[PDB]
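Heads up, the thing below is written out as structure tokens.
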Amino acid sequence: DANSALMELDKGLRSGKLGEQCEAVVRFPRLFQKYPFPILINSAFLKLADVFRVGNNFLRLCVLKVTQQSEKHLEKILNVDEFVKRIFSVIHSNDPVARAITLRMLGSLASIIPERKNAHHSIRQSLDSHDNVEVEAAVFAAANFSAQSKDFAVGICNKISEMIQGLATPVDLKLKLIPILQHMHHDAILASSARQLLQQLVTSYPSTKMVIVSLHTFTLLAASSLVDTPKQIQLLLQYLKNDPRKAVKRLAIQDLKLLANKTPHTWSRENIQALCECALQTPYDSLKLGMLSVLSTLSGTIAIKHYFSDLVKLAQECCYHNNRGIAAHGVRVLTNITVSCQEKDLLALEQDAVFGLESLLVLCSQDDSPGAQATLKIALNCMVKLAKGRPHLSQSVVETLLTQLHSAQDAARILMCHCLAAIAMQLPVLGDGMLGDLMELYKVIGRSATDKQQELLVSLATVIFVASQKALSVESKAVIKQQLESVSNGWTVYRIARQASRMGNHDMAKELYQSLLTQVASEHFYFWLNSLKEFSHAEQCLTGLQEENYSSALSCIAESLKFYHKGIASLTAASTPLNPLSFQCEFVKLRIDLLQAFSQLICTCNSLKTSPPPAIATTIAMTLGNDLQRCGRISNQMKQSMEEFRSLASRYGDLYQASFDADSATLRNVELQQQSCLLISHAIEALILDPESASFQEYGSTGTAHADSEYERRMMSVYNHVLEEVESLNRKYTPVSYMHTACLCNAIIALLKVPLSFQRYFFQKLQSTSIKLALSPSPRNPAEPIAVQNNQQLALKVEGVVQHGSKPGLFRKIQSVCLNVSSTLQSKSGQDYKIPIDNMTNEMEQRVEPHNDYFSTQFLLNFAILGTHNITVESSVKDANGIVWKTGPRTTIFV
Amino acid sequence: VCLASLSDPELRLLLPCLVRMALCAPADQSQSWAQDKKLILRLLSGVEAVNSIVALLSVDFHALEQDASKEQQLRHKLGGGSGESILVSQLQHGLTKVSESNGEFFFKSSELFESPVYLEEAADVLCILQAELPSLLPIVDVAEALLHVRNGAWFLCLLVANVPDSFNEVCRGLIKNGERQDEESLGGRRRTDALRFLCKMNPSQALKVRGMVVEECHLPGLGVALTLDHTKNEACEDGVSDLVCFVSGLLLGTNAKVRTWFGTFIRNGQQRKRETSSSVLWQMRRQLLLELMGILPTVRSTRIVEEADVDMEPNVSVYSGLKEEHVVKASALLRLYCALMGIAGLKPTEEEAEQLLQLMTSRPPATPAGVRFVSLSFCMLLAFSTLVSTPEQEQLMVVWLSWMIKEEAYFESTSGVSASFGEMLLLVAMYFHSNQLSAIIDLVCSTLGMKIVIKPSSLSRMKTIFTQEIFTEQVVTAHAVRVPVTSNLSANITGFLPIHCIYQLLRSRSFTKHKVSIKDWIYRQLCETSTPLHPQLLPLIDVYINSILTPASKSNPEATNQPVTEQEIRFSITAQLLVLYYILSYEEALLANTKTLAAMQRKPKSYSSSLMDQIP
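Here's what the structure looks like:
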């Protein structure tokens, strides 16, 4: 399809038709974005060079704009010499505008040709030309070619020095020539020369714009060359303490902010003390605000740990200031000092912390302005950090939040509810204590609300579900009453049900899904809601289990499995090629298989009493048997259960690496499920069977204070209980499983206590990344295999492009693509499989690291079979830490 | 087949008090109870008490026969094993009569005869499972099937054997006793079901010997009532989807659950949407069974879905139309019917087509779900014209089409949907007017995810003859001009906006001479959306520019009042850019042709350089 577009663009560019030519040129970037293939990009860039060589001086500007726009698609050009020659063939003209456009184009290409001496000579010659636009274009190209190309930097530094110090150029030309010195970080001598030049320029050209631009260049050089950053900080502090202008002070403040953002470890105690002394002597508010912002940025890193008493006094003084931003920065500094540092007297500061938070709550409660909401969010995330890094003051902040919830005109209560939900994820006693007040607010909030009643109700329901644990009391009926006669917004109640299913409340989820099943404006969403309702019903019926019960447990398991089958059927009935549901189907199917394995296990444990000893005793005496102790027919069932659990754990590990887009919570939930499955497998392998097989004691710590959810803590406690009950009964009784089946069934029931936790990735699937993997084999439009001599060779020439529908750097980053290739026989040779060896020796596991969004490897294979074969390839993207991340593109070609 | 489903489900969990609830049902599975009460290990106190209670409750009239069978099985622990080993060795070496000498009286008197009969049966089963396709030699123990099944259960509980081989032998010999095997161990039900499901091919269970295996699996699922859905899922995922459909129909007819949505449709929905393997499997299955009429599961499924469909017919009979609570289920059933009859579909009948036409012509409550249902019914009646054979059906369908054309304005005003059914109606009307049928195919395959074909420009052609009857250019153009403009477009909602039919009308012809100057609608459409750039806006502007220098189809030149009231300073960026593009295209067209036949087409009404100097 791209060939037709290239052909039509060529036909449009053939005739003159200046309008049509400009149209084609400005449409070329869309063709680049649609097809990132290297051959098409190379051909299009060659055609652009052709139309740039001869033109009416206006197509050249459009081609320059296209080149400046499509910069990432520039390194994937095969023919570079001819392109550069066609671009440079127009710089010898006498037209200054044409030469300026050519210089700007060359500067835009400074990432693919950093060693072409002709371009360096042209920039050197046209830098001191008698013009106005050509000089600016030469300056731009010189900056671009001085970014890279250390040789060009050492060749242009002296010329820039003379052109700046020649006192024969206007102030604007010097202001434009100064930022060229930023790219002098190639050698120590270059850095020293640029530093001396900038010092001389500051001491000899005292002016607002001049000093501003020179200091910006100097700090960019110091930040790109981390050799003299303390001297930079000292100079900035000296200019903050001495220079009386206001613009230079704000420039130095933003400079220190950038330095703390990028390189915070180079700071010392003297620099912080000097900055605090300068902030204490500032009579203005914006300057003190910027200095405190720099201090807050610094205190969030190891600088606050290396500093450890002026910063503490400054933070205590600016915590109760009149303005809100300064107080927010002060309380942020105080919270960071409390969390990071662990001094003795600083404990008292904790008081000054919590009450200080109140100073940020009574001023941004009913203000309704972004300037107040920013400080409110700052204080709220600071309180979250203080509560998650120090549980000693977890109640002293939640009580203030509860008391302040009554002092908002339905504007800040959403943020307070978000803060409460984020804090309650660690300790459930806060939710146990504040559930009553949350229900009181939910009851008194249903009076009247129009502006943002939807989000407010959603946040209230979310924090209530987080605080609650059962949601089976009158509170559920009260929430239903408050949501029924009020506005029946489908999205609000849908989000409420989603949060209820996420937190584990399944009764409210089932009620809301039943209420939403009757109002669906389509068919796919109807099946989705029906599947959610069936899953919630099966979850609720799963909780209907009693401790030490085995009669009704089988009926509950059977009805839950029936509801799960109905739900997965209604869900796969909604699976469409457009936006397919792959994670949900697999997750539900694996949950169903796990529960079926548990049902088989409990059925075998119950049938163990159905005359199992005398069953296999007719062929061999099972009593006192050294070969197979207590040999019975139950051994086959135990082995089947063990292999089923092993396959389930393998499928869990596969599903973990098959998503690549799940959040931390969903990955942790999958890991916990696989851990429970492996624990049940270890219990059925080491306890029910012979204990002399492994006999490995779990003498190690577990369940550290790092779980960010109550479900994870409950799962870890159940794991610890199972381990402590299995480590003691290992060598107690005979392996006929007299008391081992009892504790096994108790562990099975304990694992079924927590119903489930549908994590965030189950809905709103974001970060949709995909590798195209469009190889370039011989032309094969039909399904007929490529005619090969079967003896010479067979090439692949595989190449793939990554495509991210959402923000790439959100959760994980693509670093390596472990391309794999295999071959097998299609036709049956002797058996149902390919052959005795299937010709799967040719693997060639290659590990390519694509620097840009493109990669290309070379694959081969040698086969001497006159039949038809099958060639398949896999992406297997690798992240930064390093995980297989088995993707499922499944690109299969016959020959 | 009377396999004591409740008693088996009770004994699977625990046999504590259920022994007294079954008096005559404790006759087939009595061997397992006798073996558990006689050879008990007495591990725990509760287990010993349960065994004692079971032995006390097993004091029936047949207790003597059970004790004799237990004694015979205990005495045949070493001798019968050696005899079976010798028989297997002889069979392996060889491979490389007065009711069979009173076989009924010998197996019930001496344990050696029963052991020899069991060994011969196992050898025959192994020979039939190695390489053979037959189900004969079953009338040997027809008169003594109870004693034979009891002896087989005793041999399976006393001697080591394979459960899958025994299940296959039972399914190949007599399924009536196969379920009895499930009463022997009551622990390998899932394994036996998986083995029976994996012991069949894809194109079977219709007119082959697999019907007996399917009936045995259905009987086992009915006697279990717990793993029926699991067995149906395993069948639908591996092979023999007919057994899964039969099990689903049986579960839907036995249990009264799934009231909001029929489980039959819930299971049949995933056949022409995804999972191409099972998709083509069900496709070839229904293709092979379509010609065959003597098959029970598919006709029972058609009957149950037909009655579930007609349960909603009295509603639209006594009332105006459907209700809000039954407007989504009807649309789902209609989409399922469409997916079933998409490609290589089955042949319908009149007794179902009548109700189909009656439900597809109902009155929705003016809900977006009802609009989607009306659109789906319209595409269904347009893709299949198997209703013209009778006069009453065609007259009612054209009356309902006229009613829809009349009430499209109400349905679009009350229901805030982007693309209603009236837009599609006007689009297909313009397509029929423009004398082409591929656009109708693109429309019916673009409204829903089914890339199917109906007929190479021969099925919908009949509708063309109806198009020239009443729905002529006098009403379709009026309905296409009187549509409300779309506000705040998104270029992402599925459907055909009025832009498409307006573009088609401006492209085909505008020779009405009484319905020109649609510039008001164009301005009201391009007033303020600003979110998308619809791919049809530029062709619409192009064909509107071309609709000015055309003979006798004179429209207004969009006088400068709208430009001077728009570009004065919600008239967003996109609206201003579109107006500027329109002005530039008009200025370009004023210089392109310059010849308008020199017949009363001498009023271009160009700008006098007083507006171009104002617009930046």
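The listed protein sequences correspond, in order, to chains G and B. With the deposited numbering applied, the first sequence corresponds to residues 21 to 328, 342 to 928, in that order. With the deposited numbering applied, the second sequence corresponds to residues 32 to 127, 152 to 624, 642 to 688, in that order. Note that the Cβ used here is the ideal one computed from N, Cα and C, for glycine as well.
Inset, instruction - Measure from the alpha carbon of residue 305 of chain B to the alpha carbon of each residue in B:112, B:280, B:293 and B:53, then state which is nearest. - result: By one-based count along the second sequence, residue 305 of chain B stands at place 250. Ranked by how close their Cα comes to the Cα of residue 305 of chain B, the residues B:112, B:280, B:293 and B:53 have B:280 in first place.
Legend entry - Beta-carbon spacing of residue 368 of chain B, residue 414 of chain B below 8 Å: Along the second sequence, read from residue 1 onward, the residue named residue 368 of chain B stands at position 313. Along the second sequence, read from residue 1 onward, the residue named residue 414 of chain B stands at position 359. For residue 368 of chain B and residue 414 of chain B, yes; Cβs fall inside 8 Å.
Legend entry - chain B contact residues for residue 598 of chain G, given Cβ-Cβ distances below 8 Å: Taking the first residue of the first sequence as position 1, residue 598 of chain G is located at position 565. What residue 598 of chain G touches in chain B: 284, 285, 287 and 288.
Inset, instruction - From the DSSP output, in three-state form, read off residue 852 of chain G for me. - result: The count along the first sequence starts at 1 and reaches residue 852 of chain G at position 819. DSSP, read as helix, strand or coil, puts residue 852 of chain G in strand.
Inset, instruction - Throw me the rounded Cβ distance for the residue 805 of chain G and residue 851 of chain G pair, which I believe falls under 8 Å. - result: In the first sequence, residue 805 of chain G corresponds to position 772, counting from 1. In the first sequence, residue 851 of chain G corresponds to position 818, counting from 1. About 16 Å; that fails the 8 Å criterion.
Legend entry - CA-to-CA distance, residue 666 of chain B to residue 817 of chain G, given in whole angstroms: If you number the first sequence from 1, residue 817 of chain G lands on position 784. If you number the second sequence from 1, residue 666 of chain B lands on position 594. Cα to Cα, residue 817 of chain G sits roughly 56 Å from residue 666 of chain B.
Inset, instruction - Tell me whether residue 545 of chain B is buried or exposed, calling it buried when 16 or more other Cβ atoms sit within 10 Å of its Cβ. - result: Within the second sequence, the letter at position 490 stands for residue 545 of chain B. With fewer than 16 other CB atoms across the displayed protein chains lying within 10 angstroms of its CB, residue 545 of chain B is exposed.
Inset, instruction - Please state whether DSSP places residue 881 of chain G in a helix, a strand or coil. - result: On the first sequence, position 848 is the one that residue 881 of chain G refers to. Here residue 881 of chain G carries a strand assignment [DSSP, helix/strand/coil].
Legend entry - Beta carbon of residue 288 of chain B nearer than 8 Å to that of residue 773 of chain G: Counting from 1 along the second sequence, the entry for residue 288 of chain B is found at position 233. Counting from 1 along the first sequence, the entry for residue 773 of chain G is found at position 740. No, Cβ-Cβ distance for residue 288 of chain B and residue 773 of chain G is not below 8 Å.
Inset, instruction - Taking 8 Å as the threshold, find out whether the region 567-578 of chain G comes into contact with the region 538-550 of chain G through three or more Cβ pairs. - result: In short, these stretches touch, since the Cβ pair count reaches three.
Legend entry - Enclosing alpha helix (DSSP H) for residue 906 of chain G [first to last residue]: Translated into the one-based positions of the first sequence, residue 906 of chain G becomes position 873. Judged by DSSP secondary structure, residue 906 of chain G falls outside any alpha helix (DSSP H) and instead within the beta strand (DSSP E) spanning 902-907.
Legend entry - Close beta carbons around residue 275 of chain G, own chain, < 6 Å, minus the five adjacent residues each side: Along the first sequence, one-based indexing puts residue 275 of chain G at 255. Cβ within range, chain order: 239 and 256.
Legend entry - Validate contact between the region 241-249 of chain G and the region 201-218 of chain G using beta carbons, cut 8 Å, 3 pairs: Judged by Cβ distances under 8 Å, the region 241-249 of chain G makes contact with the region 201-218 of chain G, as three or more pairs qualify.
Inset, instruction - Provide the residue span of the beta strand (DSSP E) that contains residue 837 of chain G, from first to last. - result: As a working mapping, residue 837 of chain G is identified with position 804 in the first sequence. Residue 837 of chain G -> beta strand (DSSP E) spans 835-837.
Legend entry - Boundaries of the alpha helix (DSSP H) in which residue 803 of chain G is found, first to last residue: If you number the first sequence from 1, residue 803 of chain G lands on position 770. Element bounds for residue 803 of chain G: not the alpha helix (DSSP H) but the beta strand (DSSP E), 802-804.
Inset, instruction - Note down, in chain order, each residue of its chain lying with its Cβ closer than 7 Å to the Cβ of residue 338 of chain B, except the 5 sequence neighbours on either side. - result: Position 283 of the second sequence, counting from 1, holds the residue named residue 338 of chain B. The beta carbon of residue 338 of chain B lies closer than 7 Å to those of 399 in the same chain, with the five residues before and after it left out.
Legend entry - Below-8 Å beta-carbon distance, residue 642 of chain G vs any chain B residue: For this step, residue 642 of chain G is matched to residue 609 along the first sequence. It does: the Cβ of residue 642 of chain G has a partner Cβ on chain B nearer than 8 Å.
Inset, instruction - Please check if any C-beta of chain G sits within less than 8 Å of the C-beta of residue 380 of chain B. - result: Locating residue 380 of chain B in the second sequence gives position 325, where the first residue counts as 1. For residue 380 of chain B, the answer is yes, since a Cβ of chain G falls inside 8 Å of its Cβ.
Inset, instruction - Return no unless some Cβ of chain G is closer than 8 Å to the Cβ of residue 418 of chain B. - result: Here the question's residue 418 of chain B lines up with position 363 in the second sequence. Residue 418 of chain B does not count as touching chain G.
Inset, instruction - Identify the continuous alpha helix (DSSP H) that holds residue 370 of chain G and give its terminal residues. - result: Residue 370 of chain G sits at position 337 when you count from the first residue of the first sequence. Start and end: 357-373.
Legend entry - Given 8 Å, three or more beta-carbon pairs between the region 289-302 of chain B and the region 38-57 of chain B: Too few Cβ pairs lie closer than 8 Å, so no.
Inset, instruction - Measure the alpha-carbon distance for residue 307 of chain G versus residue 407 of chain G and round it to whole angstroms. - result: For this step, residue 307 of chain G is matched to residue 287 along the first sequence. For this step, residue 407 of chain G is matched to residue 374 along the first sequence. Here the alpha carbons of residue 407 of chain G and residue 307 of chain G stand approximately 19 Å from one another.
Legend entry - residue 59 of chain B burial status per 10 Å Cβ neighbour count (16 or more: buried): Taking the second sequence and counting its residues from 1, one reaches residue 59 of chain B at position 28. Counting Cβ neighbours within 10 Å, residue 59 of chain B comes out buried, since at least 16 surround it.
Legend entry - C-alpha gap between residue 420 of chain B and residue 371 of chain B, whole angstroms: Start at 1 with the first residue of the second sequence, and residue 420 of chain B comes out as number 365. Start at 1 with the first residue of the second sequence, and residue 371 of chain B comes out as number 316. Distance between the alpha carbons of residue 420 of chain B and residue 371 of chain B is about 12 Å.
Inset, instruction - Run down chain B in chain order and give the residues with a C-beta less than 8 Å from the C-beta of residue 646 of chain G. - result: One-based indexing of the first sequence puts residue 646 of chain G at position 613. Under a criterion of Cβ atoms nearer than 8 Å, the residues of chain B adjacent to residue 646 of chain G are, in order, 70 and 72.
Inset, instruction - Please list the partners that residue 559 of chain G has in chain B, where partner means a Cβ-to-Cβ separation under 9 Å. - result: As a working note, residue 559 of chain G is residue 526 in the first sequence. Neighbours of residue 559 of chain G on chain B, chain order: 316, 383, 384, 386, 387 and 424.
Inset, instruction - Excluding the 5 residues preceding and the 5 following residue 84 of chain B in the sequence, name in chain order all residues of the same chain whose CB lies nearer than 8 Å to its CB. - result: For the purposes of this step, residue 84 of chain B is taken as the residue at position 53 of the second sequence. Within its own chain, the residues whose Cβ lies closer than 8 Å to the Cβ of residue 84 of chain B, once the five positions on either side in sequence are excluded, are 47 and 50, listed in chain order.
Inset, instruction - Count the other CB atoms, across all protein chains shown, that sit within 10 Å of the CB of residue 595 of chain G; report buried if there are 16 or more and exposed otherwise. - result: Here the question's residue 595 of chain G lines up with position 562 in the first sequence. By the C-beta density criterion, residue 595 of chain G is buried, having at least 16 other C-beta atoms within 10 angstroms.
Legend entry - Short CB-CB distance (under 8 Å) between residue 511 of chain G and chain B: Taking the first residue of the first sequence as 1, we reach residue 511 of chain G at position 478. It does not: the Cβ of residue 511 of chain G has no partner Cβ on chain B nearer than 8 Å.
Legend entry - Residues bridged to residue 911 of chain G [DSSP beta-bridge criterion]: Looking up residue 911 of chain G in the first sequence gives position 878. In DSSP, residue 911 of chain G forms a bridge with G:849.
Inset, instruction - For residue 322 of chain B, I'd like the list of residues in its chain whose CB is within less than 8 Å of its CB, leaving aside the five on either flank, ordered along the chain. - result: On the second sequence, position 267 is the one that residue 322 of chain B refers to. For residue 322 of chain B, the CB contacts under 8 Å within the same chain, skipping 5 residues up- and downstream, are 287, 291, 299, 300 and 303 in chain order.
Legend entry - Per-residue contacts from residue 38 of chain B into chain G (C-beta, under 9 Å): As a working note, residue 38 of chain B is residue 7 in the second sequence. Chain G residues near residue 38 of chain B: none, gap ~14 Å exceeds 9 Å.
Legend entry - Segments assigned alpha helix (DSSP H), at least 4 residues, entirely inside the region 289-351 of chain B: Complete alpha helix (DSSP H) runs here, min 4: 296-309, 318-323 and 331-345.
Legend entry - Reduced DSSP secondary structure (H/G/I, E/B, other) of residue 235 of chain G: As a working note, residue 235 of chain G is residue 215 in the first sequence. Residue 235 of chain G: helix per DSSP, three-state reduction.
Legend entry - Of the residues G:848, G:873 and G:297, the one placed nearest residue 854 of chain G, counting alpha carbons only: What you label residue 854 of chain G is simply residue 821 of the first sequence in a count that begins at 1. Comparing Cα-Cα distances from residue 854 of chain G to each of G:848, G:873 and G:297, the minimum goes to G:873.
Inset, instruction - Closer than 9 Å by beta-carbon distance: list the chain B residues that pair up with residue 563 of chain G, in chain order. - result: Within the first sequence, the letter at position 530 stands for residue 563 of chain G. Simply 315, 316 and 321.
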